[PDB]
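Let's start with one chain on its own, the form deposited in one PDB entry, as structure tokens.
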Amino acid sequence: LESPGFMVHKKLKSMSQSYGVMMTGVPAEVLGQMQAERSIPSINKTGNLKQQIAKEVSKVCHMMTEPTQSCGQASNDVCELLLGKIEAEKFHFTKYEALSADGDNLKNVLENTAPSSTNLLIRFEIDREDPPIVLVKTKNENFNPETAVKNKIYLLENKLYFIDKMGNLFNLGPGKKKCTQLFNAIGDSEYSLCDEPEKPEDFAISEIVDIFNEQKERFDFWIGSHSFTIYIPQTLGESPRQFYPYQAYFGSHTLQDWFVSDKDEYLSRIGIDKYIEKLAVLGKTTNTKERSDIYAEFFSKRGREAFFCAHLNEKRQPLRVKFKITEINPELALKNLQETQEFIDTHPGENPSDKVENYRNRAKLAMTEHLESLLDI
């Protein structure tokens, strides 16, 4: 006997293992048309249209068969199944809460809920602190704020700008005489913002770093790094409470790969408390080795834990762990899972893999035709 809440997990996992991308419930023709519209800006109207259409369809079709599911898309898919559209939107505008340094605030919410009578969905976001590291000196001409590389400081003859991660332009304060003074004290080669100054150039770069650091408050250097959810279904009786983490990782594995690999069950055995503690260590530590190892253990494709964050992929920047939590109505979630299953059942195909191939073919056809129509082929 399994609680309805657990059946939500069992059906979600099984369906994802079998049907992969069809999980979204988006009709193949809609998906293909969205891919076509996404490709349109890449197609130069002056050029060979038939050729570029064939190239864009091939790119997208390659990606269908590669791990190109973002972690946020997987989380949004889990939230919509379990919550339904209206409540998942509400959940999206709920504010994230920062995990306390030991994860007490999260554990407390779990201890304040009865394992028998509640079904919990937690959504996590991991941010990394990514301040600028390079100063670019440039003339006013050839400096265009719309096209310039984000997350850098730019020194002009008359201005000192910081473009942040969003491409927002921040004037850092100095007047024209201060900037023209700084412009001339530096040489001809981008320059580092991270390194006892001796050359007159070293003192001007050091000035710009001080100017920048004074107003750190104006800026947000944190950037989303990873996203995942955890589902904690209601238990039966005195059965111990169990969690399951769900995720995709763009470029490494999809949510289907996750579930096929059973890493959700593998991490589940760690226990929700020991899992929260390690998340808290991940956000609190200053140790790169410890940061990389926890990150790889929790978030890598199964079997790559030893090198996912090794060498160049070391997590050398401070991380931050945020969460939001809601309750789940299992019968609503089961209704949504069943509606998605009926959507899947309508695709021709004897095996799940046949239906996925049917879906992909239909998306490709729909993209080709929409791209031809839009470009008038």
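The first residue of the shown sequence is 1; numbering continues from there. What we label the rigid core is the largest C-alpha set whose atoms superpose within 1.5 Å from one form to the other.
As for the form deposited in another entry, it is not shown, yet the points below apply to it.
J.: Shifts of 2 Å or more in the Cα, rigid core superposed between the shown form and the other one, apply to only one of 288, 158, 116, 108; name it.
T.: Of all the options, the C-alpha that shifts by at least 2 Å belongs to 158.
J.: Residue 226: with the rigid core matched between the shown form and the other one, does its Cα shift 2 Å or more?
T.: Where the cores coincide, residue 226 shows only a C-alpha shift between the shown form and the other one that is less than 2 Å.
J.: For residue 324, is the CA shift between the shown form and the other one at least 2 Å following rigid-core superposition?
T.: Residue 324 C-alpha, core-superposed: shift of less than 2 Å.
J.: At a 2 Å cut-off on C-alpha positions, does residue 340 qualify as shifted between the shown form and the other one after fitting the rigid core?
T.: No.
J.: Quick one: residue 70 and residue 169 C-alpha atoms, closer or farther in the other form compared with this form (3 angstroms or more)?
T.: It is farther: the C-alpha separation of residue 70 and residue 169 rises by at least 3 Å in the other form.
J.: Might you say whether the CA atoms of residue 218 and residue 283 end up closer or farther apart in the other form than in this form? Their distance differs by 3 Å or more.
T.: Residues converge in the other form, at least 3 Å closer.
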